[PDB]
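Trainee: Compact mmCIF, C-alpha atoms and all ligand atoms, saved as input.txt, coming up:
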```txt
# COMPACT_ATOMS: atom_id res chain seq x y z
CA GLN U 843 -10.14 -17.11 -18.75
CA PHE U 844 -6.39 -16.97 -19.56
CA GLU U 845 -4.01 -19.46 -21.23
CA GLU U 846 -0.36 -19.68 -20.17
CA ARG U 847 0.72 -20.07 -23.83
CA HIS U 848 -0.86 -16.77 -24.92
CA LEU U 849 0.83 -14.71 -22.21
CA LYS U 850 4.03 -13.01 -23.50
CA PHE U 851 6.56 -11.62 -20.99
CA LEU U 852 7.51 -7.98 -21.65
CA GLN U 853 9.31 -6.85 -18.49
CA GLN U 854 9.78 -7.12 -14.72
CA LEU U 855 7.68 -4.64 -12.73
CA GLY U 856 8.84 -5.64 -9.26
CA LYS U 857 10.43 -8.50 -7.36
CA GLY U 858 10.25 -9.29 -3.63
CA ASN U 859 11.02 -12.14 -1.23
CA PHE U 860 7.77 -13.99 -1.93
CA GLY U 861 6.31 -12.29 -5.03
CA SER U 862 6.95 -10.87 -8.48
CA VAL U 863 4.93 -8.72 -10.91
CA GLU U 864 5.52 -8.72 -14.69
CA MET U 865 4.24 -6.71 -17.64
CA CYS U 866 2.88 -9.22 -20.16
CA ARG U 867 0.88 -9.13 -23.36
CA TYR U 868 -2.12 -11.39 -23.49
CA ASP U 869 -2.34 -12.25 -27.17
CA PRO U 870 -4.71 -15.22 -27.84
CA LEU U 871 -4.97 -14.39 -31.58
CA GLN U 872 -1.13 -14.20 -31.67
CA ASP U 873 -1.38 -11.19 -33.99
CA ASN U 874 0.11 -8.66 -31.55
CA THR U 875 -3.37 -7.18 -30.82
CA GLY U 876 -3.96 -8.32 -27.23
CA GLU U 877 -3.94 -6.05 -24.21
CA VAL U 878 -0.94 -5.51 -21.96
CA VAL U 879 -1.69 -6.82 -18.45
CA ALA U 880 0.13 -7.09 -15.12
CA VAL U 881 0.93 -10.61 -13.94
CA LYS U 882 1.74 -11.48 -10.33
CA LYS U 883 3.34 -14.80 -9.38
CA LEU U 884 5.11 -16.30 -6.38
CA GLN U 885 8.90 -16.20 -6.69
CA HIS U 886 9.67 -19.07 -4.30
CA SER U 887 6.44 -21.04 -3.97
CA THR U 888 5.94 -22.71 -0.62
CA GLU U 889 2.56 -24.40 -0.15
CA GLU U 890 1.74 -22.02 2.69
CA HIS U 891 2.69 -19.11 0.42
CA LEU U 892 0.43 -20.69 -2.24
CA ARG U 893 -2.53 -20.89 0.15
CA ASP U 894 -1.93 -17.26 1.10
CA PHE U 895 -1.74 -16.35 -2.61
CA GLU U 896 -5.08 -18.09 -3.28
CA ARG U 897 -6.65 -15.98 -0.53
CA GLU U 898 -4.97 -12.79 -1.83
CA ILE U 899 -6.54 -13.59 -5.23
CA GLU U 900 -9.97 -14.09 -3.59
CA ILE U 901 -9.62 -10.77 -1.77
CA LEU U 902 -8.70 -8.83 -4.94
CA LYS U 903 -11.48 -10.53 -6.91
CA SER U 904 -14.03 -9.47 -4.25
CA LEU U 905 -12.98 -5.80 -4.50
CA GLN U 906 -14.58 -3.47 -7.07
CA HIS U 907 -13.65 0.19 -6.48
CA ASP U 908 -12.27 3.13 -8.51
CA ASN U 909 -9.18 3.27 -6.29
CA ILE U 910 -8.41 -0.46 -6.24
CA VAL U 911 -6.46 -2.21 -9.01
CA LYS U 912 -8.80 -4.36 -11.18
CA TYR U 913 -8.72 -8.15 -11.13
CA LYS U 914 -8.73 -9.72 -14.60
CA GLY U 915 -8.35 -13.42 -13.89
CA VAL U 916 -5.99 -16.24 -13.06
CA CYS U 917 -3.67 -18.34 -15.19
CA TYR U 918 -2.07 -21.71 -14.40
CA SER U 919 0.06 -24.51 -15.87
CA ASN U 924 1.34 -22.67 -11.68
CA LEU U 925 -0.79 -19.85 -10.19
CA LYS U 926 -0.68 -16.43 -11.80
CA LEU U 927 -2.85 -13.46 -10.89
CA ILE U 928 -3.74 -11.32 -13.89
CA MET U 929 -4.51 -7.65 -13.23
CA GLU U 930 -5.00 -4.46 -15.19
CA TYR U 931 -1.71 -2.80 -16.19
CA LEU U 932 -1.30 0.76 -14.92
CA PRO U 933 1.12 2.60 -17.22
CA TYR U 934 2.43 5.21 -14.75
CA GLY U 935 3.43 2.62 -12.11
CA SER U 936 3.89 3.15 -8.39
CA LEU U 937 2.97 6.48 -6.79
CA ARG U 938 6.39 6.24 -5.18
CA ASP U 939 8.41 6.29 -8.41
CA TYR U 940 5.91 8.62 -10.04
CA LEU U 941 6.19 11.20 -7.26
CA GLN U 942 10.00 10.98 -7.33
CA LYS U 943 10.09 11.57 -11.13
CA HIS U 944 7.46 14.33 -11.41
CA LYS U 945 8.00 16.17 -8.10
CA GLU U 946 8.32 19.57 -9.83
CA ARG U 947 4.92 19.02 -11.52
CA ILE U 948 2.95 17.77 -8.49
CA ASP U 949 1.70 20.33 -5.99
CA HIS U 950 0.10 19.90 -2.54
CA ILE U 951 -3.43 20.18 -3.93
CA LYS U 952 -2.60 17.09 -6.01
CA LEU U 953 -0.99 15.26 -3.05
CA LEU U 954 -4.29 15.68 -1.15
CA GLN U 955 -6.35 14.45 -4.07
CA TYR U 956 -4.21 11.25 -4.03
CA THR U 957 -4.48 11.14 -0.24
CA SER U 958 -8.27 11.37 -0.41
CA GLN U 959 -8.51 8.61 -3.02
CA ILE U 960 -6.35 6.39 -0.80
CA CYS U 961 -8.78 6.98 2.16
CA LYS U 962 -11.83 6.04 0.03
CA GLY U 963 -10.07 2.88 -1.15
CA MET U 964 -9.13 2.10 2.48
CA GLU U 965 -12.64 2.84 3.79
CA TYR U 966 -14.01 0.45 1.16
CA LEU U 967 -11.62 -2.22 2.49
CA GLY U 968 -12.68 -1.73 6.12
CA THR U 969 -16.24 -2.13 4.86
CA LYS U 970 -15.42 -5.75 3.95
CA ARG U 971 -13.48 -6.17 7.20
CA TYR U 972 -10.22 -6.33 5.27
CA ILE U 973 -6.99 -5.22 6.97
CA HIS U 974 -4.39 -4.22 4.39
CA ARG U 975 -1.25 -4.34 6.58
CA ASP U 976 0.99 -2.92 3.81
CA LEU U 977 -0.01 0.67 3.02
CA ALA U 978 2.98 2.40 1.46
CA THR U 979 3.46 4.52 -1.66
CA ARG U 980 5.32 1.58 -3.29
CA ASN U 981 1.96 -0.31 -3.19
CA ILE U 982 -0.09 2.55 -4.63
CA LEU U 983 -0.39 2.76 -8.39
CA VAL U 984 -1.02 5.67 -10.70
CA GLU U 985 -3.69 5.16 -13.35
CA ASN U 986 -3.44 8.72 -14.64
CA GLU U 987 -2.58 12.22 -13.40
CA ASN U 988 -5.89 12.39 -11.49
CA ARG U 989 -6.26 8.81 -10.22
CA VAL U 990 -4.47 6.46 -7.84
CA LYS U 991 -5.25 2.87 -6.87
CA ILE U 992 -4.24 0.54 -4.08
CA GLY U 993 -2.27 -2.00 -6.09
CA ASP U 994 -1.05 -4.87 -3.91
CA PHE U 995 -2.88 -7.10 -1.38
CA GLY U 996 -0.30 -9.77 -0.47
CA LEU U 997 -0.51 -9.08 3.28
CA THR U 998 -4.27 -8.34 3.45
CA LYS U 999 -6.29 -10.25 6.05
CA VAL U 1000 -9.99 -10.65 6.84
CA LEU U 1001 -11.01 -9.79 10.41
CA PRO U 1002 -12.77 -12.62 12.24
CA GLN U 1003 -16.45 -12.01 13.02
CA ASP U 1004 -15.97 -11.72 16.81
CA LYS U 1005 -12.87 -9.49 16.82
CA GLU U 1006 -11.75 -6.02 15.70
CA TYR U 1007 -8.09 -7.05 15.37
CA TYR U 1008 -6.16 -9.86 13.73
CA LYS U 1009 -2.95 -11.37 15.16
CA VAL U 1010 -0.19 -12.69 12.91
CA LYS U 1011 3.59 -12.84 12.83
CA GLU U 1012 4.91 -13.98 9.47
CA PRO U 1013 8.56 -15.14 9.04
CA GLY U 1014 11.30 -12.91 7.58
CA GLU U 1015 11.06 -9.22 6.69
CA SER U 1016 8.24 -6.97 7.95
CA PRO U 1017 7.83 -3.28 6.86
CA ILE U 1018 8.46 -2.22 10.47
CA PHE U 1019 8.78 1.52 9.76
CA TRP U 1020 5.10 1.70 8.67
CA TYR U 1021 3.87 -0.43 11.60
CA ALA U 1022 1.84 0.82 14.52
CA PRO U 1023 3.48 0.11 17.91
CA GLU U 1024 0.83 -2.53 18.84
CA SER U 1025 1.68 -4.30 15.56
CA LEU U 1026 5.38 -4.33 16.50
CA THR U 1027 4.86 -5.43 20.11
CA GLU U 1028 1.71 -7.59 19.87
CA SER U 1029 1.30 -8.47 16.16
CA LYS U 1030 -2.17 -6.88 16.37
CA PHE U 1031 -3.53 -5.55 13.06
CA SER U 1032 -6.75 -3.55 12.82
CA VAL U 1033 -8.39 -0.73 10.88
CA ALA U 1034 -6.43 1.54 13.30
CA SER U 1035 -2.97 0.15 12.47
CA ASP U 1036 -3.91 0.73 8.81
CA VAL U 1037 -4.66 4.36 9.89
CA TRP U 1038 -1.22 4.54 11.50
CA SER U 1039 0.37 3.35 8.20
CA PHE U 1040 -1.79 5.79 6.26
CA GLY U 1041 -0.15 8.55 8.35
CA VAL U 1042 3.24 7.30 7.16
CA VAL U 1043 1.99 7.25 3.55
CA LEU U 1044 0.96 10.88 3.98
CA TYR U 1045 4.42 11.65 5.34
CA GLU U 1046 5.98 9.91 2.30
CA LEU U 1047 3.94 11.99 -0.14
CA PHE U 1048 4.85 15.27 1.52
CA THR U 1049 8.54 14.37 1.51
CA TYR U 1050 8.19 13.90 -2.31
CA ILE U 1051 10.15 10.64 -1.78
CA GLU U 1052 13.42 12.45 -1.01
CA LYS U 1053 15.93 9.61 -0.46
CA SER U 1054 17.25 10.73 2.94
CA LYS U 1055 13.72 11.56 4.17
CA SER U 1056 12.09 8.09 3.89
CA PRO U 1057 10.83 6.51 7.14
CA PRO U 1058 13.64 3.86 7.24
CA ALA U 1059 16.32 6.57 6.93
CA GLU U 1060 14.64 8.88 9.50
CA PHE U 1061 13.90 6.26 12.19
CA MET U 1062 17.39 4.74 11.70
CA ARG U 1063 18.93 8.20 12.28
CA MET U 1064 16.79 8.62 15.41
CA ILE U 1065 17.73 5.15 16.72
CA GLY U 1066 21.38 5.19 15.64
CA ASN U 1067 22.54 3.82 12.27
CA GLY U 1071 19.73 -6.31 13.25
CA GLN U 1072 17.27 -7.79 15.75
CA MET U 1073 17.88 -4.78 18.02
CA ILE U 1074 16.30 -2.38 15.47
CA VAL U 1075 12.67 -3.29 16.28
CA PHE U 1076 13.40 -3.05 20.03
CA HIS U 1077 14.84 0.45 19.70
CA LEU U 1078 12.00 1.38 17.33
CA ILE U 1079 9.40 0.26 19.87
CA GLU U 1080 11.02 2.33 22.64
CA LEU U 1081 11.28 5.43 20.44
CA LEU U 1082 7.56 5.30 19.59
CA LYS U 1083 6.50 4.69 23.22
CA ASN U 1084 8.40 7.87 24.10
CA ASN U 1085 6.43 9.77 21.41
CA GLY U 1086 9.42 9.91 19.05
CA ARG U 1087 8.07 10.57 15.54
CA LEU U 1088 8.85 11.34 11.89
CA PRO U 1089 9.61 15.08 11.48
CA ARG U 1090 7.26 17.36 9.61
CA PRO U 1091 8.34 17.17 5.91
CA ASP U 1092 9.85 20.24 4.19
CA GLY U 1093 7.09 22.63 3.15
CA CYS U 1094 4.34 20.56 4.80
CA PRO U 1095 1.54 22.72 6.31
CA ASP U 1096 0.95 22.46 10.09
CA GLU U 1097 -2.59 21.24 9.37
CA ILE U 1098 -1.48 18.30 7.14
CA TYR U 1099 1.14 17.38 9.73
CA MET U 1100 -1.59 17.53 12.40
CA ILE U 1101 -3.44 14.80 10.49
CA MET U 1102 -0.23 12.72 10.37
CA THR U 1103 0.42 13.08 14.09
CA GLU U 1104 -3.20 12.20 14.89
CA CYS U 1105 -2.79 9.02 12.84
CA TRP U 1106 0.33 8.33 14.93
CA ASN U 1107 -1.45 8.08 18.29
CA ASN U 1108 -0.09 5.43 20.67
CA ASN U 1109 -3.72 5.05 21.86
CA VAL U 1110 -5.16 2.86 19.11
CA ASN U 1111 -8.70 4.04 19.87
CA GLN U 1112 -7.89 7.74 19.50
CA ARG U 1113 -6.76 7.46 15.87
CA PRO U 1114 -9.26 8.92 13.36
CA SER U 1115 -11.42 6.75 11.12
CA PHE U 1116 -10.86 6.67 7.34
CA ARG U 1117 -14.04 8.58 6.60
CA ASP U 1118 -13.08 11.37 9.04
CA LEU U 1119 -9.65 11.48 7.40
CA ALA U 1120 -11.41 11.96 4.03
CA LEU U 1121 -13.59 14.77 5.48
CA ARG U 1122 -10.64 16.64 6.90
CA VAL U 1123 -8.52 16.23 3.74
CA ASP U 1124 -11.38 17.24 1.39
CA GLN U 1125 -12.01 20.25 3.64
CA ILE U 1126 -8.33 21.26 3.46
CA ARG U 1127 -8.46 20.80 -0.34
CA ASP U 1128 -11.45 23.15 -0.74
CA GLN U 1129 -9.78 25.73 1.55
CA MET U 1130 -6.76 25.66 -0.79
CA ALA U 1131 -8.93 26.05 -3.90
CA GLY U 1132 -11.96 28.14 -2.86
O1 LIG A 1201 4.54 -0.82 -12.63
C1 LIG A 1201 3.90 -0.47 -13.61
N1 LIG A 1201 2.63 -0.90 -13.84
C2 LIG A 1201 1.94 -1.73 -12.92
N2 LIG A 1201 0.70 -2.18 -13.13
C3 LIG A 1201 0.40 -2.94 -12.07
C4 LIG A 1201 -0.79 -3.63 -11.82
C5 LIG A 1201 -0.83 -4.41 -10.67
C6 LIG A 1201 0.27 -4.41 -9.80
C7 LIG A 1201 1.42 -3.64 -10.07
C8 LIG A 1201 2.47 -3.61 -9.14
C9 LIG A 1201 2.20 -3.48 -7.78
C10 LIG A 1201 3.23 -3.50 -6.83
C11 LIG A 1201 4.56 -3.67 -7.23
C12 LIG A 1201 5.68 -3.69 -6.18
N3 LIG A 1201 5.90 -5.04 -5.60
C13 LIG A 1201 6.50 -6.04 -6.51
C14 LIG A 1201 6.80 -7.32 -5.78
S1 LIG A 1201 5.42 -8.23 -5.12
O2 LIG A 1201 5.78 -8.75 -3.82
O3 LIG A 1201 4.88 -9.10 -6.15
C15 LIG A 1201 4.35 -6.83 -4.93
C16 LIG A 1201 4.97 -5.51 -4.54
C17 LIG A 1201 4.83 -3.80 -8.59
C18 LIG A 1201 3.81 -3.73 -9.54
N4 LIG A 1201 1.45 -2.95 -11.24
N5 LIG A 1201 2.42 -2.18 -11.74
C19 LIG A 1201 4.53 0.47 -14.62
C20 LIG A 1201 5.63 1.40 -14.07
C21 LIG A 1201 6.01 0.22 -14.97
```
How does this structure look as structure tokens?
Mentor:
Amino acid sequence: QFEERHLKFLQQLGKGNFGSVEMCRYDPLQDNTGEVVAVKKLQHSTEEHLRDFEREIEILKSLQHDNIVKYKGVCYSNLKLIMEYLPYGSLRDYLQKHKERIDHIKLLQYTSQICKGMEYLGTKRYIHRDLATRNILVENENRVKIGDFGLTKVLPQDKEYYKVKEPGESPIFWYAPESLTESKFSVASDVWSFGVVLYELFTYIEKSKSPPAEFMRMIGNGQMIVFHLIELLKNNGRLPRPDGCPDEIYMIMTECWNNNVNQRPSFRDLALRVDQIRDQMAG
């Protein structure tokens, strides 16, 4: 649908080891009347990374949900993924900036939208593998969307987990212990990560309170990090309750952080509990 020549670069939205997102204007009439869009491309395109990117594109294209960033199309000379542009950006940066304006009732509305997005994923047998507030996007004051799917895998038909160990840098501080020790990824490791996302929110993204900073303090400030992490978690070492967090929200977090994969709640039970807590804060 999109031509490379009609896509004008406006700014960088985020750069990683394997990907980059840009704000661009798609202006086919060249009269500065096209819509601003978000454009994801590989930064150092391997052919494996390209094949993964093609699948990421096919995943996003197959998703249609209020809390999932919209697919617009592809563009090539090559491959670019064109998405809707969300003007408020990542929940992470948005929470950090507007922390004095965002109360707990709002945090739980975001939380509940993230669960519904995640339940819709698990419905297609997709495992996200990268739930973090940096990958959640703010559409408006009342709406968040899951906004990146670079690490998302389809479960095979005959299995409820997927095994994979990619080279380089893994977000280890959001990983369930069976993902660190066995490279096993399931709906339940996504639930583990969701618990860490909930922790993030309730910390209001206070610099020294992030999971990397907290687990590093607990371990002791290279390759040895994951080993010490694994041991800490097996001993039931865990992220502290955030400042001002209710016992009942922290209970949800700690339940998400069960070492017993099978004892972790489902996404729809998470949504029931959160929506129940929300109503007991309002009415
Ligand atoms: O960011 C803004 N809008 C906006 N719209 C969209 C629409 C789709 C996707 C994103 C988006 C999602 C994630 C990121 C972070 N990260 C960049 C490197 S990677 O490995 O490629 C993917 C991970 C960056 C941008 N965004 N971001 C506003 C604040 C300036």
Trainee: For residue 1089 (chain U), work out the shell of residues within 9 Å, counting all atoms listed in the file and skipping chain neighbours fewer than 6 positions away, then give it as number ranges by chain.
Mentor: U: 1045, 1060, 1099
Trainee: Which neighbours of residue 1047 (chain U) fall inside 10 Å, counting all atoms listed in the file, when residues of the same chain fewer than 5 positions from it are skipped, and could you give them as a list in words?
Mentor: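 Using all atoms listed in the file, the neighbours found are residues 937, 938, 941, 942, 945, 950, 953, 954, 956, 957, 978, 979, 1042, 1052, 1056, 1091 and 1094 of chain U.
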Trainee: Limited to C-alpha atoms, could you put the picked residues into a file as a short mmCIF file (atom, residue, chain, number, x, y, z; two decimals), in the frame of the given file?
Mentor:
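And here is the file that came out, result_16.cif:
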```cif
data_model
loop_
_atom_site.label_atom_id
_atom_site.label_comp_id
_atom_site.auth_asym_id
_atom_site.auth_seq_id
_atom_site.Cartn_x
_atom_site.Cartn_y
_atom_site.Cartn_z
CA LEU U 937 2.97 6.48 -6.79
CA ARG U 938 6.39 6.24 -5.18
CA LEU U 941 6.19 11.20 -7.26
CA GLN U 942 10.00 10.98 -7.33
CA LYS U 945 8.00 16.17 -8.10
CA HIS U 950 0.10 19.90 -2.54
CA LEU U 953 -0.99 15.26 -3.05
CA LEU U 954 -4.29 15.68 -1.15
CA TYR U 956 -4.21 11.25 -4.03
CA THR U 957 -4.48 11.14 -0.24
CA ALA U 978 2.98 2.40 1.46
CA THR U 979 3.46 4.52 -1.66
CA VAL U 1042 3.24 7.30 7.16
CA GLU U 1052 13.42 12.45 -1.01
CA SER U 1056 12.09 8.09 3.89
CA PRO U 1091 8.34 17.17 5.91
CA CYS U 1094 4.34 20.56 4.80
#
```
Trainee: Report the distance between CA of residue 857 (chain U) and CA of residue 935 (chain U) in Å, rounded to one decimal place.
Mentor: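 Distance reported for this atom pair: 14.0 Å.
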Trainee: Write out, as a Markdown table, each residue of chain U that has an atom at most 9 Å from ligand LIG 1201 (chain A), together with the closest pair of atoms and their distance in Å to one decimal, counting only C-alpha atoms and all ligand atoms, rows going by chain and rising number.
Mentor:
```
| residue | atom | partner | partner_atom | distance |
| --- | --- | --- | --- | --- |
| U:853 | CA | A:LIG1201 | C21 | 8.6 |
| U:854 | CA | A:LIG1201 | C21 | 8.3 |
| U:855 | CA | A:LIG1201 | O1 | 4.9 |
| U:856 | CA | A:LIG1201 | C13 | 3.6 |
| U:857 | CA | A:LIG1201 | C14 | 4.1 |
| U:858 | CA | A:LIG1201 | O2 | 4.5 |
| U:859 | CA | A:LIG1201 | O2 | 6.8 |
| U:860 | CA | A:LIG1201 | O2 | 5.9 |
| U:861 | CA | A:LIG1201 | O3 | 3.7 |
| U:862 | CA | A:LIG1201 | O3 | 3.6 |
| U:863 | CA | A:LIG1201 | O3 | 4.8 |
| U:864 | CA | A:LIG1201 | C18 | 7.4 |
| U:865 | CA | A:LIG1201 | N1 | 7.1 |
| U:879 | CA | A:LIG1201 | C4 | 7.4 |
| U:880 | CA | A:LIG1201 | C4 | 4.9 |
| U:881 | CA | A:LIG1201 | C5 | 7.2 |
| U:882 | CA | A:LIG1201 | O3 | 5.7 |
| U:883 | CA | A:LIG1201 | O3 | 6.7 |
| U:884 | CA | A:LIG1201 | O3 | 7.2 |
| U:885 | CA | A:LIG1201 | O3 | 8.2 |
| U:911 | CA | A:LIG1201 | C5 | 6.3 |
| U:912 | CA | A:LIG1201 | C5 | 8.0 |
| U:913 | CA | A:LIG1201 | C5 | 8.7 |
| U:928 | CA | A:LIG1201 | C5 | 8.2 |
| U:929 | CA | A:LIG1201 | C5 | 5.5 |
| U:930 | CA | A:LIG1201 | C4 | 5.5 |
| U:931 | CA | A:LIG1201 | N2 | 3.9 |
| U:932 | CA | A:LIG1201 | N2 | 4.0 |
| U:933 | CA | A:LIG1201 | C19 | 4.8 |
| U:934 | CA | A:LIG1201 | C20 | 5.0 |
| U:935 | CA | A:LIG1201 | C20 | 3.2 |
| U:936 | CA | A:LIG1201 | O1 | 5.8 |
| U:939 | CA | A:LIG1201 | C20 | 8.0 |
| U:940 | CA | A:LIG1201 | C20 | 8.3 |
| U:980 | CA | A:LIG1201 | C12 | 6.0 |
| U:981 | CA | A:LIG1201 | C10 | 5.0 |
| U:982 | CA | A:LIG1201 | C9 | 7.2 |
| U:983 | CA | A:LIG1201 | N5 | 6.6 |
| U:984 | CA | A:LIG1201 | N1 | 8.1 |
| U:985 | CA | A:LIG1201 | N2 | 8.6 |
| U:992 | CA | A:LIG1201 | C9 | 8.4 |
| U:993 | CA | A:LIG1201 | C9 | 5.0 |
| U:994 | CA | A:LIG1201 | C9 | 5.2 |
| U:995 | CA | A:LIG1201 | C15 | 8.1 |
| U:996 | CA | A:LIG1201 | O2 | 7.0 |
```
Trainee: What does the distance between CA of residue 1103 (chain U) and CA of residue 1014 (chain U) come to in Å, to one decimal place?
Mentor: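 Spanning CA of residue 1103 (chain U) to CA of residue 1014 (chain U) is a straight-line distance of 28.9 Å.
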Trainee: Looking at all atoms listed in the file, which of U:1078, U:901, U:1034, U:1064 is the one that sits closest to residue 970 (chain U)?
Mentor: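 The answer is U:901, which sits nearest to residue 970 (chain U).
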Trainee: Have a look at CA of residue 948 (chain U) and CA of residue 1092 (chain U) and let me know their distance in Å, one decimal.
Mentor: 14.6 Å
Trainee: Which residues come within 12 Å of residue 1128 (chain U), counting only C-alpha atoms, excluding same-chain residues fewer than 4 positions away, as JSON, numbers by chain?
Mentor: {"U": [951, 952, 954, 955, 1121, 1122, 1123, 1124, 1132]}
Trainee: Next, the residues of the selection above should be written as an mmCIF file, in the coordinates of the input with C-alpha atoms.
Mentor:
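Dumped everything to selection_5.cif:
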```
data_model
loop_
_atom_site.group_PDB
_atom_site.id
_atom_site.type_symbol
_atom_site.label_atom_id
_atom_site.label_comp_id
_atom_site.auth_asym_id
_atom_site.auth_seq_id
_atom_site.Cartn_x
_atom_site.Cartn_y
_atom_site.Cartn_z
ATOM 1 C CA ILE U 951 -3.430 20.180 -3.930
ATOM 2 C CA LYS U 952 -2.600 17.090 -6.010
ATOM 3 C CA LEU U 954 -4.290 15.680 -1.150
ATOM 4 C CA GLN U 955 -6.350 14.450 -4.070
ATOM 5 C CA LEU U 1121 -13.590 14.770 5.480
ATOM 6 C CA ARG U 1122 -10.640 16.640 6.900
ATOM 7 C CA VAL U 1123 -8.520 16.230 3.740
ATOM 8 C CA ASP U 1124 -11.380 17.240 1.390
ATOM 9 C CA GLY U 1132 -11.960 28.140 -2.860
#
```
Trainee: Taking (4.2, -1.1, 6.3) in the file's own coordinates, collect the residues within 10 Å, counting only C-alpha atoms, and hand them back as an mmCIF file with C-alpha atoms, keeping the file's coordinate frame.
Mentor:
```
data_model
loop_
_atom_site.group_PDB
_atom_site.id
_atom_site.type_symbol
_atom_site.label_atom_id
_atom_site.label_comp_id
_atom_site.auth_asym_id
_atom_site.auth_seq_id
_atom_site.Cartn_x
_atom_site.Cartn_y
_atom_site.Cartn_z
ATOM 1 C CA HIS U 974 -4.390 -4.220 4.390
ATOM 2 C CA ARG U 975 -1.250 -4.340 6.580
ATOM 3 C CA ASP U 976 0.990 -2.920 3.810
ATOM 4 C CA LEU U 977 -0.010 0.670 3.020
ATOM 5 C CA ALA U 978 2.980 2.400 1.460
ATOM 6 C CA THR U 979 3.460 4.520 -1.660
ATOM 7 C CA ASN U 981 1.960 -0.310 -3.190
ATOM 8 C CA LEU U 997 -0.510 -9.080 3.280
ATOM 9 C CA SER U 1016 8.240 -6.970 7.950
ATOM 10 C CA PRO U 1017 7.830 -3.280 6.860
ATOM 11 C CA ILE U 1018 8.460 -2.220 10.470
ATOM 12 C CA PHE U 1019 8.780 1.520 9.760
ATOM 13 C CA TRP U 1020 5.100 1.700 8.670
ATOM 14 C CA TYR U 1021 3.870 -0.430 11.600
ATOM 15 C CA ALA U 1022 1.840 0.820 14.520
ATOM 16 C CA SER U 1035 -2.970 0.150 12.470
ATOM 17 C CA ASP U 1036 -3.910 0.730 8.810
ATOM 18 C CA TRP U 1038 -1.220 4.540 11.500
ATOM 19 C CA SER U 1039 0.370 3.350 8.200
ATOM 20 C CA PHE U 1040 -1.790 5.790 6.260
ATOM 21 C CA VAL U 1042 3.240 7.300 7.160
ATOM 22 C CA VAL U 1043 1.990 7.250 3.550
#
```
Trainee: Between U:1065, U:1073, U:1033, U:871, which has the minimum distance to residue 1115 (chain U) (counting all atoms listed in the file)?
Mentor: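 For residue 1115 (chain U), the nearest of the candidates is U:1033.
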Trainee: Select, from U:876, U:1066, U:915, U:1041, the residue with the minimum atom-to-atom distance to residue 844 (chain U), counting all atoms listed in the file.
Mentor: U:915
Trainee: Looking at U:965, U:898, U:908, U:846, which one is nearest to residue 1037 (chain U), with distances taken over all atoms listed in the file?
Mentor: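 The closest residue to residue 1037 (chain U) is U:965.
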